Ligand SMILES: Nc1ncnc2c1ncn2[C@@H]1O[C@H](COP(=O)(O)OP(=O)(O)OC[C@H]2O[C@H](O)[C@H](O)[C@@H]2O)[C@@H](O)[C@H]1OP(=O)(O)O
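Let's start with one chain on its own, the form solved without this ligand, as structure tokens.
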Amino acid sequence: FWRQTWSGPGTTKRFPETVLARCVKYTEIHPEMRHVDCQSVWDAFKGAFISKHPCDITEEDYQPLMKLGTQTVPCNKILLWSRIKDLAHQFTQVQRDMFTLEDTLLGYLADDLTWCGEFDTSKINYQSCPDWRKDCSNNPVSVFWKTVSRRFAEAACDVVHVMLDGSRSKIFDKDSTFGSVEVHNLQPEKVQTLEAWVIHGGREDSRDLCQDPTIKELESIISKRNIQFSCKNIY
């Protein structure tokens, strides 16, 4: 009758140190980001999520961080953020030729980390954080990715790509970052085509997943934005 915990992993151990070190490294390598004050970046990031219930985070909380992390991207070579992470697999040439969200400062900072705070202190919660499936799908991590990927989609032009997980119960899912935020922020003035690569999980070459009802739903959304749609099965 009284909630005792969140259901998800707590904040990654050493999170503050890790984010700061990543900021220092990225901004020493990238010739256009030398202006960045990594301490200010950390302060803005921490300020987004501390001293609040984790589920109460909103995109607006990340706006100070977004401002500090402003950065141009190569619009015509974007591979959007999706539930396919690792790289698909060993798509070596694709990785060479595509710009992914973790290739930006802000995506690089947060990649492969978990974080949250708590309502009653300004401390980082290392004990547990909301699980997307069990507690709340809009949490400090997922809302961070919604905020950054919104801007990323807005920047895209020409042919934009996304990799979809052909093994998911909803291959295109309106609740994912891609389905809730990115797809709706592709700009028809800039984007010619959205091409979805649907990654198969095996069973040789099974069904044509580009005919899946959820892909038809995606095709409809994109068509209504006056952008071309292309789907390919990647086996």
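One rule holds for the numbers: they count along the sequence shown, beginning at 1. Definition used throughout: the rigid core is the maximal C-alpha set that superposes within 1.5 Å between two forms.
Although it is not shown, the form solved in complex with this ligand is what the next lines describe.
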Problem - Binding-site state, shown form vs this ligand in the deposited bound form, superposed, 3 or more atoms under 2.4 Å of backbone or C-beta - result: blocked
Exercise for the section: Give a yes or no for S122: in the deposited bound form, does one of its heavy atoms lie within 4.5 Å of a heavy atom belonging to this ligand? Expected result: no
Practice task
Answer for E154 alone: is it within 4.5 Å of this ligand in the deposited bound form, judged on heavy atom distances?
Solution key: no
Exercise for the section: Verify the contact flag for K77: yes if a non-hydrogen atom of it lies within 4.5 Å of a non-hydrogen atom of this ligand in the deposited bound form, no if not. Expected result: no
Exercise for the section: Could you confirm whether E102 comes within 4.5 Å of this ligand in the deposited bound form, counting heavy atoms only? Expected result: yes
Problem - Joint contact, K13, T18 and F49 to this ligand in the deposited bound form, by non-hydrogen atom at 4.5 Å - result: no
Problem - Partner-proximal stretch of 205-213, 177-185, 63-71, 32-40 relative to this ligand in the deposited bound form, 4.5 angstroms, heavy atom - result: 177-185
Handout entry: Residues in 76-94 with any heavy atom within 4.5 Å of this ligand in the deposited bound form
Key = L80, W81, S82, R83, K85
Fill in the blank from the handout: After rigid core alignment between the shown form and the other one, the listed option with CA shift of 2 Å or more out of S167, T70, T58, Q39 is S167
Exercise for the section: Taking the rigid core as the superposition reference, indicate whether the CA of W81 shifts 2 angstroms or more between the shown form and the other one. Expected result: yes
Practice task
Superpose on the rigid core, then tell me if the C-alpha of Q95 is displaced by 2 angstroms or more between the shown form and the other one.
Solution key: yes
Handout entry: Cα displacement of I199 between the shown form and the other one reaching 2 Å, rigid core superposed
Key = yes
Exercise for the section: Looking in the deposited bound form, decide if the C-alpha atoms of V141 and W81 are closer or farther than in the form shown; they differ by 3 Å or more. Expected result: farther
Fill in the blank from the handout: Taking the shown form as reference, the Cα pair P54 and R168 shifts by 3 Å or more in the deposited bound form and sits farther
